Structures are given as C-alpha cells and as structure tokens.
4 protein chains.
Amino acid sequence: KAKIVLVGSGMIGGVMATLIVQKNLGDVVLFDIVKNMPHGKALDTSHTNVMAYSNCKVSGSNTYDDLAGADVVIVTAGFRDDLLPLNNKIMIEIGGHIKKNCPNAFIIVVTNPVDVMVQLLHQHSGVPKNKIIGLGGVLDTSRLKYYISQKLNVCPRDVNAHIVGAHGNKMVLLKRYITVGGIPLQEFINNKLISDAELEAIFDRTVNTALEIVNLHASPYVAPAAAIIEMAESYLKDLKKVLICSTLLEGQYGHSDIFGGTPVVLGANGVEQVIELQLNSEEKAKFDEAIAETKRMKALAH
Amino acid sequence: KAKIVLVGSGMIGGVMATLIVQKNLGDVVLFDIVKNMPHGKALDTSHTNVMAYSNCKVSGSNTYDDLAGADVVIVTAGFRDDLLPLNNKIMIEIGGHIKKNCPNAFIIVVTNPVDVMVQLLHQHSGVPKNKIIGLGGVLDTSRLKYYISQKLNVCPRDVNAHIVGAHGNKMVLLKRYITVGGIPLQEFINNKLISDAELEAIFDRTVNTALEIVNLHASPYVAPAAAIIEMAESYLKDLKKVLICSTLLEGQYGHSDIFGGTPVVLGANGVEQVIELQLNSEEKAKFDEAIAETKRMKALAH
Amino acid sequence: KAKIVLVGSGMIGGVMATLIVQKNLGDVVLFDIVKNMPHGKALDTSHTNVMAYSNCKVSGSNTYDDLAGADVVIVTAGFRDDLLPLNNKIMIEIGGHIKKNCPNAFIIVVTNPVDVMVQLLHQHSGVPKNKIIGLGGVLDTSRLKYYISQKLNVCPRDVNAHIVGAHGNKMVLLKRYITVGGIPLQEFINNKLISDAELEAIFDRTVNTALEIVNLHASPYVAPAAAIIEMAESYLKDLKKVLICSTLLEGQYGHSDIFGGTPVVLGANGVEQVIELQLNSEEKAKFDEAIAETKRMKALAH
Amino acid sequence: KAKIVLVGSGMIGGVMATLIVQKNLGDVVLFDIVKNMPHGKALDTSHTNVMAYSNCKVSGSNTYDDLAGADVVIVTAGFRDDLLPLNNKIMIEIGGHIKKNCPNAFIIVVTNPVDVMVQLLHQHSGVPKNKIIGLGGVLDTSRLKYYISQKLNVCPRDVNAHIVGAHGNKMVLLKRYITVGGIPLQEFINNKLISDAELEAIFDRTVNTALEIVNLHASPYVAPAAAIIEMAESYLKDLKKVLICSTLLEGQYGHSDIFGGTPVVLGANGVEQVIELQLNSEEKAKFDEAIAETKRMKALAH
Ligand SMILES: NC(=O)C1=CN([C@@H]2O[C@H](COP(=O)(O)OP(=O)(O)OC[C@H]3O[C@@H](n4cnc5c(N)ncnc54)[C@H](O)[C@@H]3O)[C@@H](O)[C@H]2O)C=CC1
Ligand SMILES: NC(=O)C1=CN([C@@H]2O[C@H](COP(=O)(O)OP(=O)(O)OC[C@H]3O[C@@H](n4cnc5c(N)ncnc54)[C@H](O)[C@@H]3O)[C@@H](O)[C@H]2O)C=CC1
Ligand SMILES: NC(=O)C1=CN([C@@H]2O[C@H](COP(=O)(O)OP(=O)(O)OC[C@H]3O[C@@H](n4cnc5c(N)ncnc54)[C@H](O)[C@@H]3O)[C@@H](O)[C@H]2O)C=CC1
Ligand SMILES: NC(=O)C1=CN([C@@H]2O[C@H](COP(=O)(O)OP(=O)(O)OC[C@H]3O[C@@H](n4cnc5c(N)ncnc54)[C@H](O)[C@@H]3O)[C@@H](O)[C@H]2O)C=CC1
C-alpha cells in the first residue's frame, strides 16, 4: 500500500485522513508539532475502517523521520504578509526533512499563500518539478462550478471552468472557458438561462468564498481537503485527470522561474503534462497581475 | 426500493442486471419471451449481492404483468429494413402492457433503430414525452471520448463531446463541441498534440465502432449496458446529468414530431430540460440528414 | 431525494454532512441554535459535490420548521449527571418540533447518555418505536473489531462482535459473540494467535476509547459520524443490515419500558426486526447492570 | 497500475473485464486462443472507462508472451472425467508460459475441476504456494449466504458461512459455521425464524446451484466472475480479507500434497495465512471425502 504523510494534522488534515480511509487510498500518518493530538485524531479515524470496509493504517506522529517511506506528502502545516517569513521557516524545515527521508515522494502543498509556499518548498526539498504541486484551482473552480450548477439545475460536475494564475484575490476567472455538459456557457447566456450579470455576481462570490465562510463563523476546510484528495488520488491511481494546480512555469504564459495555477495532467509520473491555455492578450494581462502578486509576497518571505 | 424491469434479457439485459446489483440501484426483473432463461440469469446474478454488499432482488419473468409497479422500464427486446415492422410489432405489444401496468414509469428504449423505436413506443405506451428516451449519444460519445483520451493520454471522462441527430450511420459528430478538461480541442490541435487528420480517422472509427466489434467476432453490449445504466442512475438518484439521448423534438433544430439525439438533463422528473445546441447552418444540414433517415425508416415500420 | 436534517451542526454534524455528500445520500440541512455557523459549514461542504460527483443540497438553518419534509432526523444537539436535565430539555424541545413537522421521519439519537436521551426523545416526539434508535453498538463494536483485526492482521470488517445493553462504561462486551471471517474467535485463541489476556486488554481499551482519545487532546467524532451514517444508509437504501443500536425493549432480556443496545435489522420500515441474543445467565446479569444504570440516569433527567 | 491478464476470454472472462473497469483495478489483457474475439470484447469493454470514471487499458491478445509484466493472472481457459487430460494439457501449456514470462504473478485458477487444475498449474508454473489459489468457496458460500439472507430478510453480506474441502458435489457445507450478523444461526433456528428442514433444502440447493442454472437455460458466470474479482481485489489492495479458496494443504485437516478449500487471508503477499477450521471428527470425515474425490480426478488428468 501507499504511505501518505499529512504534514499538518489540523482541520484540513483531519478531513483528508477521513477521506483517505473512505476511499481506501493508503496508510496515513497524521504528523504535527502539537503533542499527542495527531495520535488522538488517528485513533478516532482508524475505527472508520470497519464502517468503510477499508484497511488503511492511521497513525499519529510527532517525529519527522516518519516521513521515511512516504509515497505522497501533503503539507498543510502553517500559521497577513507578516506570516510570510514564519511560514517560510516551516517550509524550510519540512523541505530539509523531505530531502533526507522521502526525496522520491509526490508533494502537495496547501499552506497559504500557496503559490509562494509551494515554490519555497520546491527549493528547500530539492524534489523534481514534476513531483510538487500546490492546491488552488481544483478548489477555486469547485466553487464556481457549484454556483453555476445551482443556477442551471444541472449536476455540479457537469459544469467545467478554469481559474488560473494564482490562488487568492488575484485569481483569474476565465469566462470564455466555462462549459455545461461540454457546451459553451455562452449558449446558456444567449438562451437567457443565466445572465451576464448573474455570472458577474457568481465570479465575485467565488473570489470571496473563503471570506464568506469565515464571516459565517466557520472555516473553509472540507472542500479544500476534498480537492487535495482528488489530486492525490489521480496520482496514486494513475487517473491522468486534468486538474488545475500550482506548478513550475517554464515559459508558459510568458512566465518562468515561478509557480502559478494552470491545468495539469496528474498520473503516476506526477505532473505528466502542463497544459498552457491559449489565453488572449486581455486574459494574459490578468495572469500577469496574479504572478506579480506571487512575486511580491515571495520577496517578503525571505 | 426502485423496481427496474428489463424488457429483454439478452446480452445487454444481462450486463444491466449485473451493474444494477453492483451499484445497488434497485430490484431487477429480467423479463423475456424465452422460457426460463431469464430465471437462470437472475439466479446467477442474484448471488453477486454478497460480493457487492448490495440488497437488490433479481428475478426472472415470462409474464408481462410483472411490469406492474415498475419505476424504470428498459426495452432491449427485439430481433435490415426488413426487421422494422417486426420490431415495431414488439414495441406495440410492450407499449400496450406499459400503458396498462406502469403508465408512470420512466422508459429507456434501446432496440434498433433506436430513434424510430423510441417514438413508436412513445406512441403505443401513451407515456408523457419527459418520461421516455432512447439510448444513443451516451454510447456514441463514449467511443469518441475514449479514442481521443488515448491519443492525448488523459482520463477518458475528461474528454467531452457531442454526437447528435440520430444513433447509427447518420450520427452527427460535432468537432466544434469537443473539449479536454473543459478546454477546446482546437487548442490541442494547434499545439500538434493531435492533428485534424487523426481526428478524422477517430470520427470514422466512432461511426463504425459497432461494425468493428462485430468484425472481430464479438458483439457490442457491455458499453451499451453501461451507458443505459448511467442514464437510469441519473433518473433514479436525481443527479441532473447532461446526457445525450433520443428525445421528442418540438421545434429544436427546426424539427418537430420526431425523436432525435440531443443533450438532455435527466433527473427525478425524467427529461427535465432539452438542451438545443446552437448549431451553425452546416451542422444543421447534417442534423437534417439524420432526421430524414429516421423518418425514412419510421415510414417502413408501419 | 431524501431530506436529512442534522439537528446539531457541531463536530459530529460536520462529518455527517461530509459523508452524506460523499455517498450522495440525500439533501442535508445543518440545523443548529448557533447563528450562521451552520450556513458556513453548509457552504464549505456544498462545494464537495463537484469532487464527489454528487448532487446533494447542503443548507444551514436556525429555524426549527425546516424539519418539515425530513425523511431522516439525526440528533446530536446537546451540552456529568448535572447535564441530564439540560439535555432532557433539549430533547423535549426537539421532540415537540418533530411531532409537529416530521412525525413520519426516521430518528437517530446521538446525544449522551444516548440510551436515556433516545427514550426521552421517543416520549416527547411521539414517533413509533420502529422509527427511533440510538447510536451505540455500531461505534463501540467498531473499536473492538478494529483492535482485534490489527492483532490478527485481517481486514477490519471481517471481525464481527457484539456489545449490548448500553453505550458507556456499563456496555456489555460479549466474548462468546466474536468471530473472525465468520469463525469463532476461540479457535484463534486456541491456536495462540491471540491470547485471553490480550483480549482482556482489548476489552478494557474498547470501554475506555473515548477517554483515551480525549486524553490525547482530541475528540471522538469521526467514527461516531461514520457509524451514524452506516445506520442512516441502511434505512435509506433498505439494506436490512444487522446493526447494534439502542431500541425500545418489550420483554427481550427480561426488560421492558426502557431502551437498550441490541442487534436490530434496519431497512425501509425502520427497525424491521429486534434480535434478542440468547444470552446465558452471567451475560444477562451484565445486561441488567447496564439497564440499571440507564434507569438511574433517566430518573435524574426529570 | 497493475496489469491483470485474463487467460481465457469467454463468459467469465468478459464479466471480469467489465468489473475490473468498474472498480478501476488495473489494466486488463483479454487473452484467448480464439482469433480476434478477445480484441472485440476488449474494444467494447474499453469504452466503459468513460461511464465508470476509470482509466484502465483493455486489450485483447492471442500471444502468450503478453503475460510478461502480469501482476495477476486469472485462468478460466478450458473445455466429464474425459475432459481431465485435455484441461491438464491446457494447464501445462499455460504453466510453461507463466514460468517464463511472469513467475512473480499472483495466480487464480478457475478451470474445473478447480481443486485438481489449480494444483496442476502450481506444478507446471513453479510459482510459490502462497501465490496460487483456486476459486471455490467464495462462490459456493455466496449462494448459501444469499439463500439464507432471503429467508431471514437481512442483508446478504450479513450472513457468513463456510464451505470447505472442494468445489463441486463433495463440497462440505458446515452448518456449525453459519452466522447472521455475527450471531450463530442456531439462535435463529431456536426462534423458529428458519427451520432445520429449511436449511437442509437450502444446502441441497447450494450444492446443485450450477445445475439449476444450466437447467434454466443459462450458464453460471456472473457470480463466478464477481467472486474471482473479490479475491483479486483483496490481493491488489492488500485488504487481508478472509476468503475461502483452494490452496495447498501442508498438514491441515490431516492432509498434505493436495489443494483443497479452506479460509485464507488474501493480501499483498498473496496467501498470507491459511486458516484451519477446528473441525470435529464427523466434519473431518466429510472433508476427507472431498479430498479423495480431488485425488481420484487428479489421477485421471495424467
Ligand atoms: N491552497 C488553498 O486553496 C488553501 C490553503 N489553506 C491553508 O492551509 C493551511 C492549513 O489550514 P487548516 O488545516 O485549516 O489549518 P490548521 O491551523 O487547522 O492546521 C495547521 C496545522 O499545522 C500544524 N503545524 C504548524 N507547524 C508545523 C510543522 N512544522 N509541521 C507540522 N505541522 C505543523 C499546526 O499545529 C496545525 O495543527 C493554512 O495555511 C491555510 O491558509 C486553506 C484552505 C485552502
Ligand atoms: N441504441 C443503441 O445504442 C444500441 C442498440 N442496440 C440494440 O439493442 C437490442 C438488444 O441487443 P442485445 O441485448 O445485444 O440483443 P439480444 O438478442 O441478446 O437480446 C434481445 C432479447 O430480446 C428478447 N425479446 C424478443 N421479443 C421480446 C418481447 N416481446 N419481450 C421481451 N423480450 C423479447 C429476445 O428473446 C432476446 O433475449 C437490439 O435491437 C440491438 O440492435 C444494441 C447496441 C446499442
Ligand atoms: N452515542 C454515542 O455513541 C456518542 C455520543 N456522543 C454525543 O454526541 C453529542 C454531540 O457531540 P459533538 O458533535 O462532538 O458535540 P458538539 O458540541 O460539537 O456539537 C453539539 C451541537 O449541538 C448544538 N445544539 C445545542 N442545543 C441545540 C438545539 N436545541 N438544537 C440544535 N443544536 C443544538 C450546539 O450548538 C453544538 O453545535 C454529545 O452529546 C456527545 O456526548 C458523542 C460520541 C458518541
Ligand atoms: N471454480 C469455480 O467455481 C467455477 C469454475 N468454472 C469453470 O471455469 C471455466 C470457464 O468458464 P466460462 O468462462 O463459462 O467458459 P467459456 O467456455 O466461456 O470460456 C473458456 C475460454 O477458454 C478459452 N481457451 C481454451 N483454451 C485456451 C488457452 N490455452 N488459453 C486461453 N484461452 C483458452 C476458450 O476459447 C474460451 O473462450 C470452465 O472450466 C468452467 O467449468 C465455472 C464456474 C465456476
């Protein structure tokens, strides 16, 4: 079986462990710096193997060397711009341990701001560029897809959409790349099934969804976890899904030496393909704004 | 639980019963005119409830009144243009029994030529237009999607495509409506990841797939069954999937008083939406050719 | 689709909503008395329909009349013996609203001490005895089954076991009723694959598991949620699983007028069968101790 | 991904390929000696990746060297006692190719009489004893479990039962080892929920089920396929299920140098445990009769 190490056993970590057992995806280590909490979560979660018909070990850890043997490492560890150097130090520490203990693992970074943190961990861990990605577009687009599906009264997964550049407030929502059952969304607009003004409000809701959830006295963690597991599952099972993730750009969109959100194909070799959308000049200008903000924050991270 | 009656317990019927138990979708009746064969298939299939963790009854029947209580009726019963009046007589007979025993059932017609047979059964059963559809586009597009996915090395379901008008040799393969991970296929052509000539060969392979399978000394029945169950499941579970099926046209594409293939939304109310693609004049001319052939065959069916 | 109302949107409520969407079981209402928190959790969870390929609405509520239309109601609402009258008052309030708004719903009670609270809600809601059960044995036995499976290196679900009488410290762990792959556990003891002393330590661990998790700075909520969803799913899908739950006793084990834990069969009619284990006199004496403690606490609840 | 080679692409082979794609278990090769038929079945089945959300290659083969790289090999190839030397010759041929091309594969033998054929293939292939098993008990017990579940109105999987010794007419149906929800069946008999006479009729039905299906003008192949896939899945996913299979006996039950049916644990190391039921002297005498018949037939196979 695969060994999946969750570096960070907080809110997202707990849901990931739950879903991994539900899906029987592999053995799980809940790693954290907080003493014994991961052992407690692991114990609770382990019992769900019975209900789920699964056979995944779930263990807790406070010991970095339990990274040894990991096939997948998912980094949610962390805790304004003031946090950037603190979370950088966490990425440095984790990277040194990945390099030593599991240099061949597939790495998914979640810690915000993710497009910065994923590149910092790439640098500190030394893993190949096809073996480390960041969460962003699967989550952001799940929101956009879902909101459109409820307006159009269709199955949520039948809406497809692209959000690129970065996770966070500069995300680029590409109206031209929305489809419903594979059909351009513009046909539905033309038929007055959804209006341009409705879509503008949905776009703004998508950008502000994390804030909306926080203002309702909750935290966004279940959908982030589910998005991460969709990514990890595509790797583990060699599904070769097209999923939008933060990945190293090497000239796509006119950008290099930086990570940003774009469709990729995830399978057994990691990032098997980086797909470059054929953006028009106006869309590219928005992409550039997203990259500029990643670069601004990266400079502050040290 | 739902009661699903398979009117026709041949090759497609057997796989449908298998998949219904796998998915725990409902109780199954394998109905046929052949004596005892459906009882034998039902007995074999019923044991798979243990392996599948399901609880679906599977029974055989030679008695039409076992249609009573059906929530879903799937018609594969049947056996050149010479067959048209013989299969019409089968649709007449089945329709009379549906009208009497299960007028509120959701009906899926499979018997070829499906766009003719579905309308004949609509007429003979009296069910509402939102409660009867024919298999076509889910199956035809599964082939197109699959062949493209193997060229592009992506997950099969991540290719979406539209084939409309009719099932059979006049099916309309809409190049403009192919996407990969929600991205227009033309971007992949522009990047020389797949060529126009490759796609032409894939289109011809799609049209001729049933013949290809027969020439390899096999029969097309597993994918037809899986396509039908995808449709039935969307109804039973109120998924509201966008699925291309044969449905009554009431002016879409300039056509009325005939069934043809188009995207529809399938949920608990049956056909909840008929989606009309905004075809251009050249695509519409191909659609017209498909309808004309359905009409030609319908006239021969009596 | 089914409508599932989670009366209580805390830790267990959140995981239940997650699992319901994963399993596409029905629309979900997260109801709570805390303002807006359920709306926030509902919003986060709703996005997972995309990742899960599901179509379940997830809404929050602070309005009791949203119980109207519920097919299943799961009660986790609540917050030593000092709490008994406070949680009784919560059961009274919920019961009045169930009686008015959804008297035909299937009710699962979770609030501790569950064997007391389930009967109080039965009394206050007026629902039939086959339509209300309490969580206990599925959860307690998941722990016992799991711990044994890890010693014997077998699939967790292949261990079966019975814990009866009550949830909590007087639970009756029935050594005679443990099997592995359907084989009596005693054969494995005879073969020195597990010893009697190992099993004694596992029994004590099972009884004290909730305390163990709390002492590790965690809370038991994921496995409780999964156990509840196994119960709810058996009802919704008419699986007729044998599951140990708290149910009204009408003479079984020599007890009436009280709820206690025993195997039941859960299907579309609710509790379709109450199974009475043929306990020996010594096992019965332990059962009596469990009932006595439920009665002691019920008297304090008012 | 795993590579699963189906040596034999007939009735059972076709269903296995269908189920492997449904479960996304691995790439599939349909191998047969019949020209092109496996290619045709493979082509049909491959399209179901779209409906199933899977990514399994399905190919046909007439070339034995396509065994190279196989992780799992499932042998259904074959076609009274007169057939024994003909099917032996098929096992010899297959064994030579396994030894050359995939000596590290996990092998499941199905060809009848399975307890003879599995040992012949063990001998001819040279694989280790923990890496080759025969289908029998999962299938025979699925029938027994199912029939009892329908009498008792419980979920089929909640009945557990043991049938040992051999597949075929000398199978040993162990009344003492039947449970319902983990409870001895005798408690249900004592409660007059099922009688001893009913169980005798169910036992006879179980022994004669293949004949019953054939006499109904059908063939037993769907449940055999599902049983085989349950076994293969337990290996591939390291589930460590307890499953009754034909395996090499090394003194269990007083028998050596022969294969017979007994519970085993199947996981990533193949047969991880052989479980010896603690049979009484009368049960052992029936076990001996089953082994004697395997030995009689093996002698005739050459
Ligand atoms: N990329 C995206 O789309 C999203 C990113 N996020 C980010 O994900 C991160 C995690 O979010 P939650 O799980 O909700 O937070 P959380 O606060 O519940 O969990 C973070 C955990 O990291 C642990 N931690 C701190 N230093 C560590 C170290 N060196 N090694 C291991 N563990 C360590 C903490 O003790 C804590 O348990 C945050 O940075 C958040 O902003 C959240 C949602 C979406
Ligand atoms: N719409 C589509 O995309 C496709 C349609 N088809 C069509 O589906 C149909 C079924 O195909 P298979 O299952 O492979 O054929 P099959 O020949 O195996 O099964 C047809 C069954 O219908 C039964 N039957 C005849 N009259 C009947 C009656 N009055 N009531 C009930 N059963 C009756 C037969 O005895 C036979 O068992 C054929 O018409 C075939 O051309 C096949 C593949 C795809
Ligand atoms: N039966 C069993 O096996 C188990 C029972 N439990 C019990 O389950 C209950 C819930 O546990 P958690 O979810 O972890 O607790 P929690 O404290 O996270 O959630 C309880 C929720 O109930 C809400 N609430 C209070 N009064 C309410 C009302 N009138 N209507 C609706 N909501 C109301 C609270 O605001 C809170 O959000 C507790 O009583 C706990 O002891 C926990 C585990 C196992
Ligand atoms: N162990 C058990 O519980 C059960 C065993 N069986 C046995 O399973 C076997 C298969 O049954 P079905 O699939 O229904 O039969 P089938 O006749 O449909 O398929 C057998 C296939 O083996 C092929 N074959 C013959 N020689 C071959 C070779 N050297 N290499 C590869 N393929 C070759 C044939 O061409 C045919 O396609 C039979 O021996 C049957 O008695 C069937 C049911 C249960």
Side-chain angles (χ1 to χ4, degrees), chain A residues 7-14 31-34 37-38 64 75-78 87 90 93-94 109-114 117 134-136 139-140 167-168 210 219-221 223-225 227 246, chain B residues 7-14 31-34 37-38 64 75-78 87 90 93-94 109-114 117 134-136 139-140 167-168 210 219-221 223-225 227 246, chain D residues 7-14 31-34 37-38 64 75-78 87 90 93-94 109-114 117 134-136 139-140 167 210 219-221 223-225 227 246:
Chain A
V7 176
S9 300
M11 297 201 192
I12 297 175
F31 172 86
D32 208 286
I33 62 171
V34 173
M37 175 274 281
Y64 275 111
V75 180
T76 60
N87 286 314
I90 294 172
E93 182 168 280
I94 296 165
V109 181
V110 180
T111 311
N112 270 331
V114 63
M117 297 295 146
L135 173 68
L139 175 62
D140 293 314
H167 183 64
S219 186
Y221 70 100
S246 190
Chain B
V7 176
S9 300
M11 297 201 192
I12 297 175
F31 172 86
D32 208 286
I33 62 171
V34 173
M37 175 274 281
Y64 275 111
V75 180
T76 60
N87 286 314
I90 294 172
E93 182 168 280
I94 296 165
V109 181
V110 180
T111 311
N112 270 331
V114 63
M117 297 295 146
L135 173 68
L139 175 62
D140 293 314
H167 183 64
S219 186
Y221 70 100
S246 190
Chain D
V7 176
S9 300
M11 297 201 192
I12 297 175
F31 172 86
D32 208 286
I33 62 171
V34 173
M37 175 274 281
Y64 275 111
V75 180
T76 60
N87 286 314
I90 294 172
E93 182 168 280
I94 296 165
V109 181
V110 180
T111 311
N112 270 331
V114 63
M117 297 295 146
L135 173 68
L139 175 62
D140 293 314
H167 183 64
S219 186
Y221 70 100
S246 190

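The basis for the numbers below is simple: all heavy atoms, side chains too, and nothing from hydrogens, waters or symmetry mates. Read the numbers this way: they start at 1 and go in the same order the structure lists the ligands and their atoms. Chain identifiers are assigned alphabetically (A, B, ...) following the order of the sequence lines, protein sequences preceding nucleic acid strands; residue numbering begins at 1 within each chain.
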**Item:** Numbered atoms of ligand 2 (with element) below 4.0 Å of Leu139(B), judged on heavy atoms
**Value:** 3 (O), 44 (C)

**Complete:** Looking only at non-hydrogen atoms, the one of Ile33(B), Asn87(B), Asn112(B) nearest atom 6 (N) of ligand 2 is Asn112(B)

**Request:** Please indicate whether any nitrogen or oxygen in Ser9(B) is less than 3.5 Å from any nitrogen or oxygen in ligand 2.
**Result:** no

**Message:** Distance check, rounded to the nearest 0.5 Å: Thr111(D) atom OG1 versus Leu135(D) atom CG?
**Reply:** 10.0 Å

**Check: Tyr221(A) N/O within less than 3.5 Å of ligand 1 N/O** = no

**Fill in**
Atoms of ligand 2 under 4.0 Å from any heavy atom of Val114(B), numbered from 1 in the order shown, are 1 (N)

**Asked** Is the backbone of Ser9(D) close enough, under 3.5 Å, to the side chain of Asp32(D) for a donor and an acceptor to pair up by distance?
**Response** yes

**Nitrogen or oxygen atoms of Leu135(B) and ligand 2 under 3.5 Å apart** = yes

**Prompt:** Numbering the atoms of ligand 2 from 1, which are under 4.0 Å from a heavy atom of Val34(B)?
**Reply:** 35 (O)

**Message:** Under a 4.0 angstrom heavy-atom cut-off, which atoms of ligand 2 come close to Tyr64(B)?
**Reply:** 28 (C), 29 (N), 30 (N)

**Message:** With nothing but distance in play, are any N or O atoms of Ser219(A) less than 3.5 Å from an N or O of ligand 1?
**Reply:** no

**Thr76(D) (side chain) donor-acceptor with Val110(D) (main chain) under 3.5 angstrom** = no

**Asked** Nearest heavy-atom pair of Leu139(D) and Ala227(D): which atoms, and what distance?
**Response** N-CB, 4.0 Å

**Message:** Among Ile12(D), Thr76(D), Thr111(D), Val7(D), which one puts a heavy atom closest to atom 12 (P) of ligand 4?
**Reply:** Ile12(D)

**Fill in**
Quick note on ligand 2: atoms under 4.0 Å from a heavy atom of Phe31(B) include exactly 30 (N), 31 (C)

**Asked** So, do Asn112(A) and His167(A) sit near enough that their side-chain heavy atoms are less than 4.5 Å apart?
**Response** yes

**Prompt:** Which pair of non-hydrogen atoms, one from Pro224(A) and one from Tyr221(A), has the smallest distance, and what is that distance?
**Reply:** CD-C, 3.4 Å

**Complete:** Taking only non-hydrogen atoms of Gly8(B) and a 4.0 Å limit, the atoms of ligand 2 in range are 31 (C), 32 (N)

**Fill in**
Here the pair of heavy atoms bringing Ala77(B) nearest to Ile94(B) is CB-CD1, 3.8 Å

**Asked** Once you round to the nearest 0.5 Å, how far does CD of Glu93(B) lie from CD1 of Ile33(B)?
**Response** 8.0 Å

**Asked** Is it the side chain, the backbone, both or neither of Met11(D) that has a heavy atom closer than 4.0 Å to ligand 4?
**Response** both

**Within reach of ligand 4, part of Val110(D) (heavy-atom separation under 4.0 Å)** = both

